[PDB]
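Chemist: Under the authors' numbering, the first residue of the sequence shown carries the number 3092, and numbering increases by one thereafter.
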Amino acid sequence: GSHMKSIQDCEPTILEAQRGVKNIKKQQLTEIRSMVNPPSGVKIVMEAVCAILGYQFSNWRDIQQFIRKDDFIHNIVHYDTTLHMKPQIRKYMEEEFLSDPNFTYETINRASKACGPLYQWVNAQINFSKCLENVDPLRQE
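1) State buried or exposed for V3127, treating a residue as buried only when at least 16 other CB atoms are found within 10 Å of its CB.
2) Should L3106 go down as buried or exposed, given a rule of 16 or more other Cβ atoms within 10 Å for buried?
3) What's the gap between the Cα of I3135 and the Cα of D3162?
4) List the endpoints of the continuous alpha helix (DSSP H) containing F3163.
5) How about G3111 and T3198: are their beta carbons less than 9 Å apart?
6) Among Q3231, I3180, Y3210, which residue has its Cα nearest to the Cα of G3145?
7) Determine the burial state of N3200: buried for a count of at least 16 other Cβ atoms within 10 Å of its Cβ, exposed for fewer.
8) Give me, in chain order, the residues of the same chain whose beta-carbon lies closer than 8 Å to that of residue 3063; leave out the 5 immediate sequence neighbours on both sides.
9) Is the beta carbon of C3222 sitting closer than 9 Å to the one on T3104?
10) Between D3100 and the rest of its own chain, which residues show a CB-CB distance below 8 Å, the 5 nearest in sequence each way excluded?
11) Please determine, among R3159, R3152, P3178, the residue with the shortest C-alpha to C-alpha distance to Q3119.
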């Protein structure tokens, strides 16, 4: 590390997950959008994306029109990577899925090859707001 341009402090956490949204191919978008009635794991995933962009509550229908945009993935990956303005996503993603375990990297991942990677893109934007308090475990001889 010589004169790096990245603090590193859980900084690469928002770049790794991104690959998840950059992984899925175009055919993954048509399929996900072509789905008449996708699993719950999928619906919840799309909602999390809407909040990131700055959208409160929405329905699958309204979400469908949004994703229908060719900028669905482009905006998700281009979204304010290092945004800053009273991060309410914590209580948000929670109020929608706090005591709901059904929202787990796996469940969604199993939903449809493509959603999982998303559940991570967001998660990173979430679990990242913890490194500011995270405390490395105690030493163990």
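Ideal Cβ placement from N, Cα and C applies to all residues, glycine included.
Modeler: Walking through what the data contain:
1) Here the question's residue 3127 lines up with position 36 in the sequence shown. Classification of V3127: exposed, given that the 10 Å Cβ count is below 16.
2) Position 15 of the sequence shown, counting from 1, holds the residue named residue 3106. So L3106 counts as exposed.
3) Indexing the sequence shown from 1 puts residue 3135 at position 44. Indexing the sequence shown from 1 puts residue 3162 at position 71. Each residue's alpha carbon lies about 19 Å from the other.
4) In the sequence shown, the residue the question calls residue 3163 occupies position 72. Run containing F3163: 3163-3169, per the alpha helix (DSSP H) assignment.
5) Here the question's residue 3111 lines up with position 20 in the sequence shown. Here the question's residue 3198 lines up with position 107 in the sequence shown. Contact flag unset, no.
6) Residue mapping note: residue 3145 aligns to position 54 of the sequence shown, counting from 1. Checked all of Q3231, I3180, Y3210; the closest Cα to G3145 is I3180.
7) Within the sequence shown, the letter at position 109 stands for residue 3200. Counting Cβ neighbours within 10 Å, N3200 comes out buried, since at least 16 surround it.
8) This structure cannot speak to residue 3063, because the chain is shown only from 3092 to 3232.
9) Residue numbering aside, residue 3222 sits at position 131 when the sequence shown is read from its first letter. Residue numbering aside, residue 3104 sits at position 13 when the sequence shown is read from its first letter. Taking 9 Å as the Cβ cut-off, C3222 and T3104 qualify as a contacting pair.
10) Taking the sequence shown and counting its residues from 1, one reaches residue 3100 at position 9. Excluding sequence neighbours, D3100 sits near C3222.
11) Numbered from its first residue, the sequence shown carries residue 3119 at position 28. Cα-wise, what sits closest to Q3119 is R3159.
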